[PDB]
Structure formats: C-alpha cells, structure tokens
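Enquirer: I have a structure I would like to understand better, so I am pasting it below and will then ask my questions one at a time.
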Amino acid sequence: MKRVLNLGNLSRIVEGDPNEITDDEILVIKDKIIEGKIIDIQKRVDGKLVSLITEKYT
Amino acid sequence: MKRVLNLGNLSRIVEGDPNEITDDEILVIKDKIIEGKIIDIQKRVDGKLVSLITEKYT
Amino acid sequence: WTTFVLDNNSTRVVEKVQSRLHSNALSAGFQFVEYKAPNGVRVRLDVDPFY
Amino acid sequence: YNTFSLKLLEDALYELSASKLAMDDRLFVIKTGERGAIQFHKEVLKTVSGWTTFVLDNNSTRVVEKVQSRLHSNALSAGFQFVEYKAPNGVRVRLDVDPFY
Amino acid sequence: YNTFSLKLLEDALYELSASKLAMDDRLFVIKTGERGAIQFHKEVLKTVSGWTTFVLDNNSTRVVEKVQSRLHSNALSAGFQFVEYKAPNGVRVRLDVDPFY
Amino acid sequence: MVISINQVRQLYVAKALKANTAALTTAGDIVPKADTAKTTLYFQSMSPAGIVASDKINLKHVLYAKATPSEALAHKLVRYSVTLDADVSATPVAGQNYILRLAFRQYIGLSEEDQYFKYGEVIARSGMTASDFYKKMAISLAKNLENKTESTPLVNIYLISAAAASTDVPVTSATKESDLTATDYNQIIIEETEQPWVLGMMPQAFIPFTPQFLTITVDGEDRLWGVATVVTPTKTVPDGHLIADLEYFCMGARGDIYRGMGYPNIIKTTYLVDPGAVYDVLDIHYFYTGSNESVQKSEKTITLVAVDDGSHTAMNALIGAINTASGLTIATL
Amino acid sequence: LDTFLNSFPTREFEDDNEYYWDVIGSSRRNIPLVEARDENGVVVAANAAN
Amino acid sequence: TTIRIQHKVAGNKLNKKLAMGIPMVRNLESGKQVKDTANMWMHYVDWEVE
C-alpha cells in the first residue's frame with residue numbers, strides 16, 4: 001500500500017467542463033441522480049477526452 | 001474548474017492492498033490487461049469496499 | 001491555477017484567534033479585492049455606497 | 001513561426017549555445033514588445049504546469065498575496081508574470097521590452 | 001546501453017562500492033557531455049517522480065524563483081537541473097562535463 | 001580552385017577532334033600525335049592565341065590513363081525522406097507542437113564546428129490528417145529555408161502524393177496551401193542545393209544536414225514524432241563548374257599566375273570551357289626518369305575535357321585516336 | 001526608433017566609396033565520401049554484404 | 001607504437017615573399033584560423049608540419 005501519484009499530479013484532478021480539460025490534469029464527472037457516486041474518470045489523449053475506466057458488461 | 005476534493009482527501013488516494021486501506025483512503029486499481037487504464041476505484045463504506053463509479057447498463 | 005498550490009501559511013484563509021473555548025481556536029474567511037494582470041495592469045477596488 | 005513555443009526557443013538558443021557559446025556566456029537577453037512578453041509568460045506557464053513532480057507554493061512564489069482593504073480582514077491580491085527562463089547547461093533567458101516593437 | 005537508466009547505475013555503483021570501497025570512498029565523478037548531463041537530469045527527475053511518499057516543494061528547491069522586473073511586481077523565473085544523486089551506503093555519484101566529448 | 005597535384009597537372013579542351021596539324025583552325029581543336037614507332041605521344045591543341053603542343057608522353061613511362069564520364073562527377077544531391085513514425089502515432093497529436101530541426105554543417109565557414117539550425121513548427125489540431133500535417137510542415141520549412149532573404153539556398157523542400165510517388169512538387173516561401181490540393185501526402189523530401197559558384201574564387205561546395213526531430217508527449221512520455229530516411233538521390237549538380245575551376249587552375253601552370261593581381265597591368269587568359277556544359281574527362285598519368293644517376297621519377301598528369309551529349313561521343317573518338325596513335329588500350333565510356 | 005539607432009556607435013569614414021573587410025573562419029574538416037568500390041572495382045550498394 | 005610524416009617542397013620557396021592580396025592565415029589547434037603578417041611561406045609550413 002502506497003500513494004498512487006505525487007500530489008503534484010493529484011492536485012490536477014479537477015471538476016469542470018469537458019471542453020476546458022487539457023492534459024496534465026484528470027477530470028471527474030460527479031453523478032447527480034446519485035449523491036456520492038461518480039460517473040467517469042477522463043483523461044485527454046489527442047484532443048479527445050477518453051475514459052480511464054474499462055467498460056464492463058454482463 | 002475547482003479540484004474535485006481538497007488535497008488532504010486526495011493525498012489518501014493510494015494503491016495496494018484492499019484489506020489495509022482505512023475508511024479515510026480511496027483505493028485505485030490499475031488494470032493489468034491494459035497498460036494505462038483503471039478497473040475500479042473503491043472506498044470503505046461500512047467496512048466493505050464499494051465502487052465509486054456508477055454501474056452502467058443497456 | 002492547478003499549476004499552483006494555495007497554502008494557508010501565505011494566504012491565511014484560516015487565521016488563529018484568541019478565544020475562551022479552546023487553546024488553538026481558528027478564524028476562517030478571505031476575499032479577493034485586487035488583481036495584478038501582466039505588464040503593470042493593476043486592478044484595485046473602491047466600493048461606493050451610492051451604487 | 002506560425003506558433004511560438006518555449007521548446008522552439010530553448011532548442012534554438014541551446015543548439016546555438018552548445019555550438020558557439022561557452023557555458024558561462026549563454027545569457028540571452030531578448031528584445032520584443034509587450035505582447036510577446038505576455039506570450040512568453042503563457043508558454044513558460046504551461047511548461048511549468050507540466051512540472052507535476054514539484055508542488056509550487058504561494059509561500060515561495062507569492063502568486064496570491066495579502067493586501068490591506070476595508071471590505072475584509074483577510075483581503076487577497078492575485079497575479080504573477082513569468083519574465084525569465086533558465087534552461088539546462090548555463091542558458092538564461094531574460095527579456096528587454098522596448099516600445100519600438 | 002540503448003536506454004540509460006539510473007536504476008541500473010545505482011545498483012552497479014553500489015555493488016561495486018560494497019565489494020571494493022569503504023563507505024568513505026564511494027564518490028563517483030562521471031565525465032560526460034552536456035547532452036549526457038541532460039539525460040542524467042531527465043532520469044533523476046523521472047526517479048524522484050516515483051518518490052510518491054515525499055512532496056517536493058518549491059520553497060526548499062527554488063525551482064520557481066522571484067525576480068524583480070518592471071512588467072510586474074510578482075515576476076518569476078523558472079528552471080532547475082539535477083546534477084547529483086545519492087544511493088544508499090555512501091554512494092554519491094557526482095557529475096563532470098567535458099568539452100572533449 | 002586550389003587542388004592537390006603530383007608535382008604538376010595540365011588541361012586541354014577537346015572542343016573538336018581533327019586529323020592533322022593542318023586542320024587546327026578554330027580554338028579548342030586538338031589532335032593526338034604519336035610516332036609510328038609509338039615511343040612518344042603529345043597533343044596539338046589550337047589556342048585562342050594560336051597553336052600549342054602538350055608535353056611528350058613516353059609510352060613506356062605511362063602510369064595510368066583512364067577516361068571518366070560526367071555522371072561520375074555530377075554530385076548527387078542528398079535527399080531525406082521524412083514521415084510520421086507509426087510507432088508513436090500514425091496521425092498527429094491534436095495539441096502537440098511538431099518542431100523539426102535541420103542542423104547544418106559547413107555553413108559559411110569551412111569547418112564542422114560551423115553549425116547552423118533552421119526549424120519548422122506545426123501545432124496540430126483534432127481533425128488533422130497526415131496529408132495536412134505534411135503540407136503545413138512544408139510551408140513552415142519553406143518560409144524559413146526557401147525564402148528570398150536568406151543569403152544561402154540551404155535546401156529544396158518537396159512534397160509527394162501517394163497517387164504519384166514519383167512526382168515531387170516544390171514548396172517555396174510564396175507557395176500557399178490553396179496551391180496544394182491533393183489530400184494524399186505521405187512524406188517530405190529535403191534536398192541539398194547547388195551553391196553559388198565563382199570561377200577561381202568560390203569553388204563548388206555544399207552544406208549537408210541532418211533532420212533532427214524534437215519530442216512530443218503522446219501518452220505522457222517524451223517520444224520522437226518522425227523518422228528521416230535517406231532515399232535514392234534524384235537531382236544532380238553537373239560538372240561544368242568543376243571543369244572550369246580545373247581549367248582556371250591548370251592554365252596557371254602553362255601560363256599566368258597573376259590572373260588579376262594588379263588589374264590594369266595583367267595578362268588576360270582566355271578560358272575555353274562553358275560552365276553550363278557537361279564534360280567527360282580523360283586523365284593520363286605518366287612520369288619522366290632521367291639517366292644513370294637521375295633515376296627519380298618526375299610524375300605528371302594531363303587532363304582532356306571534351307563535351308558530352310548524353311552518349312559519351314566526343315571522347316570515344318578521342319579515345320580511339322589516342323589508342324591507334326600510341327597503341328594504348330583505354331576503355332571507352 | 002531614435003533611441004534604437006542611438007544604441008549603436010558611429011565610425012567616421014573618409015569617402016563614399018565601397019569598403020570591404022576580411023572574414024576569418026574555421027579550419028578543422030571532415031571529408032565526405034562519394035562512393036565505395038569492391039576489390040573488383042564494383043560499386044558498394046547499401047543492401048550489400050561486408 | 002610508431003608514426004611517420006613528411007612534406008615535399010620545391011626549392012623556389014627558399015625566400016618566397018607573399019603578396020598579401022588576401023590575408024594569409026594560420027590554422028590553430030583550437031580549430032580557428034588566425035591571420036598572420038608574415039610574408040615568407042615556409043613560416044606557414046613549419047606551423048602545419050608541427
């Protein structure tokens with residue numbers, strides 16, 4: 001057990017508009033219908049804002 | 001575009017044992033199949049680990 | 001400004017105040033009253049009640 | 001150039017310096033306008049943005065500062081400018097803005 | 001080597017120093033070129049980046065420094081370079097850049 | 001242009017081949033004359049100021065006589081094919097500055113410590129393709145290299161379309177994207193350039209370079225965005241300028257060395273070669289050994305530069321003449 | 001612009017005739033290769049053995 | 001290990017005086033050409049042989 005990233009790279013975990021998320025920062029999309037849950041973690045790669053969570057099916 | 005949470009609560013995002021993380025820590029799990037993905041993010045609710053990301057269905 | 005980290009030691013958004021209720025009692029609050037843009041441009045603020 | 005960068009500039013200055021300048025004489029003073037000085041600030045900023053390893057502290061940087069107002073007891077002043085860079089191996093990059101530009 | 005690593009270097013220098021050098025004798029000066037000094041800086045950086053259990057603040061390192069100017073009052077300069085490392089048990093690899101290289 | 005000599009070198013232009021010493025009317029005309037015993041050889045050339053005879057070649061003191069074509073003297077211009085390394089990404093990254101650095105050696109000075117770097121930058125966007133990226137890179141490169149304010153013609157930038165991988169299209173500081181319509185571009189060629197030439201002052205030199213790429217961040221890691229593959233040269237630099245500097249030098253041995261030193265009081269030499277023609281060469285190396293004690297060899301060479309017409313005519317005839325006159329067996333071009 | 005041009009010094013001349021100066025350079029050289037040939041004089045292609 | 005060098009030279013260079021039409025120059029160990037005021041050309045072969 002140890003920390004996952006230096007706090008410098010964790011201070012750039014933000015909550016905002018997908019259109020203003022550049023690199024050197026990760027995006028979190030909070031859920032509305034559910035209070036504490038999250039919808040997706042996102043990271044831009046080539047202008048597109050892709051997810052870091054692998055899709056899981058039945 | 002504020003940080004999703006403060007640093008005292010982001011500092012406690014860690015990587016490792018699911019058994020050793022307290023209620024104050026968020027657990028990350030790096031996907032082993034893919035090289036830069038995530039498979040789950042967990043924090044202790046009632047002594048049990050539960051995914052923060054909302055479950056998706058079709 | 002995710003590039004930077006705003007710390008209480010400099011900003012003092014949470015000050016320490018003398019009190020009867022505790023030995024380390026705290027006072028919280030802050031306000032931005034001024035901006036300092038590039039190349040000398042400084043923006044102060046002088047509230048007027050006529051407004 | 002159609003797009004300015006600190007990579008473009010620091011490579012040019014360094015390749016030239018490794019070729020022609022001794023490590024102790026690589027201080028490059030640049031003349032330009034004040035719109036270029038802002039563009040230098042913006043580029044130096046994003047580079048420092050990617051400096052994730054270090055946590056930049058308002059104590060040392062004093063980006064946000066405390067000023068005396070009457071609207072509050074803890075009144076704050078925000079603002080900074082990047083006016084200089086320091087690349088590896090002796091390269092210093094300063095600015096000298098003239099209005100002629 | 002195809003890809004220079006400081007991990008391999010600290011291992012080799014320590015193992016060597018153990019079997020052949022006293023703790024008071026494990027200083028290693030490396031003679032290389034300016035481009036190697038940069039490769040060294042890059043790797044030492046990638047290394048401390050893994051020191052997640054630590055927090056590198058600019059207050060102690062002065063990576064970002066405050067310089068006086070006329071364009072502003074909170075004017076800053078940016079830049080650092082890693083030149084040394086210190087592996088356990090007396091190993092301290094220092095650097096030396098030669099123009100002959 | 002100053003060169004190295006084996007104690008002497010001479011040059012004679014074969015602008016027309018005659019058959020007698022009585023047909024040397026026009027300047028440049030030449031004939032090879034040899035005994036019927038085949039003990040000596042020499043050339044009767046018609047000078048602008050009359051007629052001359054080259055030194056005599058003792059056919060038993062002949063070291064080597066070889067003919068050289070013009071293709072072997074036309075400097076082949078180095079090309080560099082440039083592309084995107086499909087390892088990092090087969091397409092551009094939508095927020096990364098794709099900088100290219102062409103490092104030049106033997107810029108104005110003579111040495112390799114005379115370094116010089118020109119760049120080309122393209123910040124890429126989302127819907128960008130490889131074709132668009134190559135196009136914009138070429139424009140950025142031309143505006144810095146193929147301009148009209150740079151003292152030197154450093155390189156020649158081109159573009160190739162997969163539809164016609166054989167046709168290369170130029171790109172100058174004046175070229176605009178509207179002139180580049182094809183949507184299938186796959187590489188950027190970067191040649192050398194024929195530098196300025198000045199008879200006896202500025203020898204035919206070049207400035208080679210290496211396209212050195214800069215790093216981009218593709219997946220949070222510094223990786224190079226391209227590869228500079230050398231391809232087979234396509235353009236050449238004809239030898240007219242080399243032969244004229246050789247004549248200018250080799251006509252300072254049997255002639256005036258104060259070519260212009262003291263301007264009104266000179267002797268004006270009338271050089272006979274056209275720097276705009278392609279010549280095919282013949283160099284005969286031979287020596288002179290004296291008598292009993294004087295055994296040391298005074299080595300010599302003389303060059304004959306005739307004109308080429310695609311086929312190597314005007315030298316195969318010259319060669320045949322020398323071969324029948326001196327019995328030597330020289331190879332045709 | 002006036003201050004700009006005053007950043008530079010002046011050199012007094014004695015004529016309006018063109019003047020020229022000597023430019024010194026560098027010495028150390030590397031010589032480029034044109035071609036290589038086998039023992040038989042045949043040319044050395046790039047996809048060729050040692 | 002062993003090495004050898006030589007340099008051939010005609011005899012008319014015995015006291016050859018150069019007409020400084022363009023500055024005559026010396027190569028240096030650094031790699032820089034320095035200009036010299038000498039007019040005798042063997043002053044310039046001594047340097048290069050050493």
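In the structure tokens, chains take the letters A, B, ... in the order shown, each chain's residues start at 1, and ligands count up from 1 in the order shown.
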Please identify which residues in chain D DSSP calls strand (DSSP E or B) from the backbone, and express them as a PyMOL selection string.
Expert: chain D and resi 27-32+54-57+64-67+75-78+81-86+92-97
Enquirer: Mind dumping the selected residues with N, CA, C and O atoms as a short mmCIF file (atom, residue, chain, number, x, y, z; two decimals), in the first residue's frame?
Expert:
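The resulting file, result03.cif, is shown below:
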data_model
loop_
_atom_site.label_atom_id
_atom_site.label_comp_id
_atom_site.auth_asym_id
_atom_site.auth_seq_id
_atom_site.Cartn_x
_atom_site.Cartn_y
_atom_site.Cartn_z
N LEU D 27 23.85 33.77 -21.41
CA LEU D 27 22.77 34.68 -21.02
C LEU D 27 22.28 35.39 -22.27
O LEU D 27 22.99 36.23 -22.83
N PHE D 28 21.06 35.07 -22.69
CA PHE D 28 20.47 35.63 -23.90
C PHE D 28 19.38 36.62 -23.49
O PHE D 28 18.32 36.21 -23.00
N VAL D 29 19.66 37.90 -23.67
CA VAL D 29 18.66 38.94 -23.47
C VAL D 29 17.90 39.13 -24.77
O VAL D 29 18.51 39.24 -25.85
N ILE D 30 16.58 39.17 -24.69
CA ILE D 30 15.71 39.21 -25.85
C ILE D 30 14.98 40.55 -25.87
O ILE D 30 14.46 40.99 -24.84
N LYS D 31 14.96 41.19 -27.03
CA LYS D 31 14.18 42.39 -27.25
C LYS D 31 12.89 42.02 -27.97
O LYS D 31 12.90 41.20 -28.89
N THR D 32 11.78 42.61 -27.53
CA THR D 32 10.49 42.39 -28.17
C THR D 32 9.50 43.39 -27.58
O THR D 32 9.87 44.24 -26.77
N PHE D 54 6.92 18.65 -8.78
CA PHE D 54 7.02 19.65 -7.74
C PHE D 54 5.66 20.29 -7.48
O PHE D 54 4.83 20.43 -8.38
N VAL D 55 5.44 20.67 -6.22
CA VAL D 55 4.25 21.42 -5.83
C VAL D 55 4.68 22.86 -5.59
O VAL D 55 5.51 23.14 -4.71
N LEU D 56 4.15 23.77 -6.39
CA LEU D 56 4.53 25.17 -6.35
C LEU D 56 3.71 25.88 -5.28
O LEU D 56 2.47 25.80 -5.29
N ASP D 57 4.39 26.58 -4.39
CA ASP D 57 3.81 27.05 -3.13
C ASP D 57 3.69 28.56 -3.17
O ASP D 57 4.67 29.26 -3.44
N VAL D 64 -0.50 34.59 -5.01
CA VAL D 64 -1.58 35.27 -4.32
C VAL D 64 -0.99 35.91 -3.07
O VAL D 64 -0.19 35.29 -2.36
N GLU D 65 -1.40 37.14 -2.80
CA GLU D 65 -0.77 37.95 -1.76
C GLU D 65 -1.85 38.65 -0.95
O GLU D 65 -3.01 38.76 -1.38
N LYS D 66 -1.46 39.14 0.22
CA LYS D 66 -2.37 39.76 1.17
C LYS D 66 -2.20 41.27 1.12
O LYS D 66 -1.08 41.78 1.29
N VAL D 67 -3.30 41.98 0.92
CA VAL D 67 -3.30 43.43 0.85
C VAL D 67 -4.31 43.96 1.86
O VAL D 67 -5.23 43.26 2.27
N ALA D 75 -7.84 40.27 3.10
CA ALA D 75 -8.00 40.63 1.70
C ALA D 75 -6.81 40.13 0.90
O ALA D 75 -5.67 40.20 1.36
N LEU D 76 -7.08 39.63 -0.30
CA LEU D 76 -6.09 38.92 -1.10
C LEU D 76 -5.84 39.63 -2.42
O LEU D 76 -6.72 40.32 -2.96
N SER D 77 -4.63 39.44 -2.94
CA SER D 77 -4.21 40.00 -4.22
C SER D 77 -3.60 38.89 -5.05
O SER D 77 -2.62 38.26 -4.63
N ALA D 78 -4.17 38.65 -6.23
CA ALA D 78 -3.76 37.56 -7.10
C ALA D 78 -3.13 38.12 -8.37
O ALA D 78 -3.63 39.10 -8.94
N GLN D 81 3.65 37.09 -13.20
CA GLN D 81 4.14 37.05 -14.57
C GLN D 81 5.45 36.28 -14.62
O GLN D 81 6.31 36.44 -13.75
N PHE D 82 5.59 35.46 -15.66
CA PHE D 82 6.86 34.80 -15.96
C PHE D 82 7.64 35.67 -16.93
O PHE D 82 7.22 35.87 -18.08
N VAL D 83 8.77 36.20 -16.47
CA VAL D 83 9.57 37.15 -17.24
C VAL D 83 10.95 36.61 -17.55
O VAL D 83 11.82 37.36 -17.99
N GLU D 84 11.18 35.32 -17.32
CA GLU D 84 12.52 34.77 -17.47
C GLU D 84 12.45 33.26 -17.39
O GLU D 84 11.61 32.69 -16.69
N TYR D 85 13.36 32.61 -18.12
CA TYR D 85 13.51 31.17 -18.09
C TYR D 85 14.98 30.84 -17.86
O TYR D 85 15.86 31.70 -18.01
N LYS D 86 15.24 29.59 -17.50
CA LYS D 86 16.60 29.14 -17.20
C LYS D 86 16.68 27.68 -17.65
O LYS D 86 16.31 26.76 -16.92
N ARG D 92 20.43 31.13 -19.73
CA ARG D 92 19.49 32.04 -19.10
C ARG D 92 18.77 32.83 -20.19
O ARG D 92 19.38 33.26 -21.17
N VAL D 93 17.47 33.03 -20.01
CA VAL D 93 16.63 33.72 -20.97
C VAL D 93 15.91 34.86 -20.25
O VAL D 93 14.99 34.62 -19.47
N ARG D 94 16.33 36.09 -20.53
CA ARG D 94 15.71 37.29 -19.98
C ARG D 94 15.09 38.10 -21.11
O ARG D 94 15.30 37.84 -22.29
N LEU D 95 14.32 39.11 -20.72
CA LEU D 95 13.59 39.96 -21.65
C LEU D 95 13.96 41.42 -21.44
O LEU D 95 14.26 41.85 -20.32
N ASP D 96 13.94 42.18 -22.54
CA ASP D 96 14.14 43.63 -22.52
C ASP D 96 13.13 44.25 -23.48
O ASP D 96 13.38 44.39 -24.68
N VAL D 97 11.97 44.61 -22.94
CA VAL D 97 10.88 45.12 -23.76
C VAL D 97 11.15 46.58 -24.12
O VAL D 97 11.35 47.42 -23.24
#
Enquirer: Wanna dump the chain A-chain C contacts at 9 Å for me, each residue with its shortest atom pair and the distance in Å to one decimal, counting only C-alpha atoms, ordered by chain and number, as a Markdown table?
Expert:
| residue | atom | partner | partner_atom | distance |
| --- | --- | --- | --- | --- |
| A:8 | CA | C:3 | CA | 8.3 |
| A:11 | CA | C:2 | CA | 6.5 |
| A:12 | CA | C:2 | CA | 5.4 |
| A:13 | CA | C:2 | CA | 8.5 |
| A:14 | CA | C:2 | CA | 8.3 |
| A:25 | CA | C:2 | CA | 8.0 |
Enquirer: Return as a Markdown table the residues of chain F lying at most 9 Å from chain A, together with the closest atom-to-atom pair for each and the distance in Å to one decimal, counting only C-alpha atoms, with rows in chain order and ascending residue number.
Expert:
| residue | atom | partner | partner_atom | distance |
| --- | --- | --- | --- | --- |
| F:92 | CA | A:46 | CA | 8.1 |
| F:93 | CA | A:46 | CA | 5.0 |
| F:94 | CA | A:46 | CA | 4.9 |
| F:95 | CA | A:47 | CA | 6.4 |
| F:96 | CA | A:46 | CA | 8.6 |
| F:125 | CA | A:47 | CA | 7.5 |
| F:126 | CA | A:47 | CA | 5.8 |
| F:218 | CA | A:45 | CA | 7.1 |
| F:219 | CA | A:45 | CA | 6.7 |
| F:220 | CA | A:24 | CA | 8.6 |
Enquirer: From the DSSP assignment of the backbone, select every residue of stretch 2-81 of chain E that is alpha helix (DSSP H), and format the answer as a PyMOL selection string.
Expert: chain E and resi 6-20+34-48+58-61
Enquirer: Mind dumping the selected residues with N, CA and C atoms as a compact mmCIF listing (two decimals), in the first residue's frame?
Expert:
# COMPACT_ATOMS: atom_id res chain seq x y z
N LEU E 6 19.01 5.25 -14.39
CA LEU E 6 19.72 5.48 -13.15
C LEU E 6 19.55 4.34 -12.16
N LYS E 7 18.48 3.56 -12.31
CA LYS E 7 18.30 2.35 -11.52
C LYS E 7 19.48 1.40 -11.71
N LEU E 8 19.77 1.06 -12.96
CA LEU E 8 20.90 0.18 -13.25
C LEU E 8 22.21 0.78 -12.73
N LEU E 9 22.36 2.10 -12.85
CA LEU E 9 23.60 2.74 -12.44
C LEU E 9 23.80 2.65 -10.94
N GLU E 10 22.77 2.99 -10.15
CA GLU E 10 22.93 2.98 -8.70
C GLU E 10 23.19 1.57 -8.19
N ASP E 11 22.56 0.57 -8.81
CA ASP E 11 22.84 -0.82 -8.47
C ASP E 11 24.31 -1.15 -8.70
N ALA E 12 24.80 -0.88 -9.92
CA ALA E 12 26.17 -1.24 -10.27
C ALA E 12 27.18 -0.53 -9.38
N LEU E 13 27.00 0.78 -9.19
CA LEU E 13 27.95 1.54 -8.39
C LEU E 13 27.94 1.11 -6.94
N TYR E 14 26.77 0.76 -6.40
CA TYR E 14 26.73 0.30 -5.01
C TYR E 14 27.40 -1.06 -4.87
N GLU E 15 26.94 -2.04 -5.65
CA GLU E 15 27.55 -3.37 -5.60
C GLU E 15 29.06 -3.28 -5.72
N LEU E 16 29.54 -2.49 -6.68
CA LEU E 16 30.97 -2.27 -6.82
C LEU E 16 31.55 -1.67 -5.55
N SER E 17 30.95 -0.58 -5.06
CA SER E 17 31.50 0.10 -3.90
C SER E 17 31.52 -0.81 -2.68
N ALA E 18 30.49 -1.64 -2.52
CA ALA E 18 30.46 -2.58 -1.41
C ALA E 18 31.68 -3.49 -1.42
N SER E 19 31.89 -4.20 -2.53
CA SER E 19 32.96 -5.19 -2.61
C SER E 19 34.35 -4.59 -2.71
N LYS E 20 34.47 -3.30 -2.99
CA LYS E 20 35.78 -2.74 -3.28
C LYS E 20 36.09 -1.42 -2.60
N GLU E 34 27.47 17.56 -22.40
CA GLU E 34 26.31 18.33 -21.98
C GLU E 34 25.01 17.58 -22.26
N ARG E 35 24.97 16.84 -23.36
CA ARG E 35 23.77 16.07 -23.67
C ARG E 35 23.60 14.90 -22.72
N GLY E 36 24.69 14.43 -22.12
CA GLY E 36 24.62 13.36 -21.15
C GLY E 36 24.17 13.89 -19.80
N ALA E 37 24.66 15.08 -19.45
CA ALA E 37 24.18 15.75 -18.25
C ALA E 37 22.67 15.95 -18.30
N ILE E 38 22.13 16.17 -19.50
CA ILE E 38 20.69 16.34 -19.64
C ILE E 38 19.98 15.00 -19.51
N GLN E 39 20.50 13.97 -20.17
CA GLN E 39 20.00 12.62 -19.96
C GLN E 39 20.01 12.25 -18.49
N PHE E 40 21.06 12.64 -17.78
CA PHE E 40 21.15 12.37 -16.35
C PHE E 40 20.07 13.13 -15.59
N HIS E 41 19.92 14.42 -15.88
CA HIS E 41 18.87 15.21 -15.25
C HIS E 41 17.50 14.61 -15.50
N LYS E 42 17.21 14.26 -16.76
CA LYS E 42 15.92 13.68 -17.09
C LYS E 42 15.62 12.45 -16.25
N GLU E 43 16.62 11.60 -16.04
CA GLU E 43 16.39 10.33 -15.35
C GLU E 43 16.26 10.54 -13.85
N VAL E 44 17.12 11.37 -13.26
CA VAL E 44 16.96 11.72 -11.85
C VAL E 44 15.58 12.30 -11.60
N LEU E 45 15.05 13.04 -12.58
CA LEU E 45 13.72 13.60 -12.46
C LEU E 45 12.66 12.51 -12.49
N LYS E 46 12.69 11.66 -13.53
CA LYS E 46 11.80 10.51 -13.58
C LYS E 46 11.89 9.67 -12.31
N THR E 47 13.03 9.74 -11.61
CA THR E 47 13.23 8.93 -10.42
C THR E 47 12.48 9.50 -9.23
N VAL E 48 12.79 10.75 -8.86
CA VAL E 48 12.11 11.37 -7.73
C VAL E 48 10.61 11.44 -7.99
N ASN E 58 8.58 23.94 -3.85
CA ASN E 58 9.49 24.92 -4.43
C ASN E 58 10.11 25.83 -3.38
N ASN E 59 9.58 25.85 -2.16
CA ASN E 59 10.16 26.69 -1.12
C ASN E 59 11.59 26.26 -0.81
N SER E 60 11.83 24.95 -0.76
CA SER E 60 13.17 24.45 -0.44
C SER E 60 14.04 24.34 -1.68
N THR E 61 13.46 24.00 -2.83
CA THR E 61 14.22 23.79 -4.05
C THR E 61 14.44 25.06 -4.85
Enquirer: Using only C-alpha atoms, which of A:15, A:4, A:58, A:9 sits nearest residue B:29?
Expert: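 Of A:15, A:4, A:58, A:9, the one nearest residue B:29 is A:4, counting only C-alpha atoms.
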Enquirer: Let me make sure I understand: if you superpose chain D onto chain E using all C-alpha atoms paired in order, what RMSD in Å results?
Expert: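 After least-squares fitting, the two copies differ by 0.6 Å C-alpha RMSD.
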Enquirer: Could you give me, as a list in words, the residues within 12 Å of residue A:34, counting only C-alpha atoms and dropping anything in the same chain fewer than 4 positions from it?
Expert: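 Near residue A:34, the qualifying residues are residues 29, 30, 38 and 39 of chain A; 52, 53, 54 and 55 of chain B.
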Enquirer: Counting only C-alpha atoms, which residues of chain F sit at most 7 Å from some atom of chain D, and what is each one's closest atom pair with its distance in Å to one decimal, listed by chain and rising residue number, as CSV?
Expert:
residue,atom,partner,partner_atom,distance
F:99,CA,D:8,CA,6.9
F:113,CA,D:19,CA,6.9
F:115,CA,D:19,CA,6.5
F:121,CA,D:1,CA,6.8
F:123,CA,D:3,CA,6.9
Enquirer: Write down, as a compact mmCIF listing (two decimals) with N, CA and C atoms, in the first residue's frame, each residue of chain F that has any atom within 10 Å of an atom of chain H, counting only C-alpha atoms.
Expert:
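Produced file part-v3.txt, reproduced below:
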# COMPACT_ATOMS: atom_id res chain seq x y z
N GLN F 7 52.99 16.97 -58.51
CA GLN F 7 54.06 17.85 -58.96
C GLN F 7 53.71 18.65 -60.21
N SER F 111 34.55 24.62 -41.53
CA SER F 111 34.64 23.51 -40.60
C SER F 111 33.28 22.88 -40.30
N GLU F 112 33.34 21.79 -39.54
CA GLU F 112 32.15 21.17 -38.97
C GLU F 112 31.71 21.85 -37.68
N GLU F 113 32.60 22.59 -37.04
CA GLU F 113 32.24 23.45 -35.92
C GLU F 113 31.51 24.70 -36.38
N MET F 261 46.09 40.02 -60.39
CA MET F 261 46.81 40.71 -59.32
C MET F 261 47.52 41.91 -59.91
N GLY F 262 46.89 43.07 -59.78
CA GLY F 262 47.33 44.30 -60.40
C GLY F 262 46.50 44.44 -61.65
Enquirer: Can you measure atom CA of residue A:1 to atom CA of residue B:32 for me? One decimal in Å is fine.
Expert: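 The value is 16.8 Å.
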Enquirer: For chain G, work out the contacting residues on chain D at 12 Å, counting only C-alpha atoms, and write them as a PDB file with N, CA and C atoms, in the first residue's frame.
Expert:
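As written to disk, selection_27.pdb reads:
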ATOM      1  N   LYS D  31      14.961  41.187 -27.031  1.00  0.00           N
ATOM      2  CA  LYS D  31      14.176  42.388 -27.248  1.00  0.00           C
ATOM      3  C   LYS D  31      12.888  42.016 -27.967  1.00  0.00           C
ATOM      4  N   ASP D  98      11.156  46.869 -25.414  1.00  0.00           N
ATOM      5  CA  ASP D  98      11.224  48.222 -25.930  1.00  0.00           C
ATOM      6  C   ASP D  98       9.911  48.608 -26.602  1.00  0.00           C
ATOM      7  N   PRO D  99       9.483  49.869 -26.492  1.00  0.00           N
ATOM      8  CA  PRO D  99       8.250  50.273 -27.180  1.00  0.00           C
ATOM      9  C   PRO D  99       8.397  50.325 -28.689  1.00  0.00           C
ATOM     10  N   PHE D 100       9.626  50.408 -29.202  1.00  0.00           N
ATOM     11  CA  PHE D 100       9.833  50.401 -30.644  1.00  0.00           C
ATOM     12  C   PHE D 100       9.147  49.213 -31.294  1.00  0.00           C
ATOM     13  N   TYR D 101       9.103  48.080 -30.599  1.00  0.00           N
ATOM     14  CA  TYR D 101       8.439  46.891 -31.103  1.00  0.00           C
ATOM     15  C   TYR D 101       6.924  46.976 -30.993  1.00  0.00           C
TER      16      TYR D 101
END
Enquirer: Could you jot down the atom CA of residue F:23 to atom CA of residue F:54 separation for me, Å, one decimal place?
Expert: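 That distance, rounded to one decimal, is 17.0 Å.
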Enquirer: Could the residues of chain E within 7 Å of chain A, counting only C-alpha atoms, be given as a PyMOL selection string, please?
Expert: chain E and resi 49+52-53+55
Enquirer: For residue H:25, please output as a list in words all residues within 9 Å (counting only C-alpha atoms; exclusion window: fewer than 3 positions along the same chain).
Expert: residues 24 of chain G; 33, 34, 35, 36, 37 and 44 of chain H
Enquirer: Measure the distance from atom CA of residue D:71 to atom CA of residue C:13 in Å and round it to one decimal.
Expert: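 For atom CA of residue D:71 relative to atom CA of residue C:13, the distance reads 14.7 Å.
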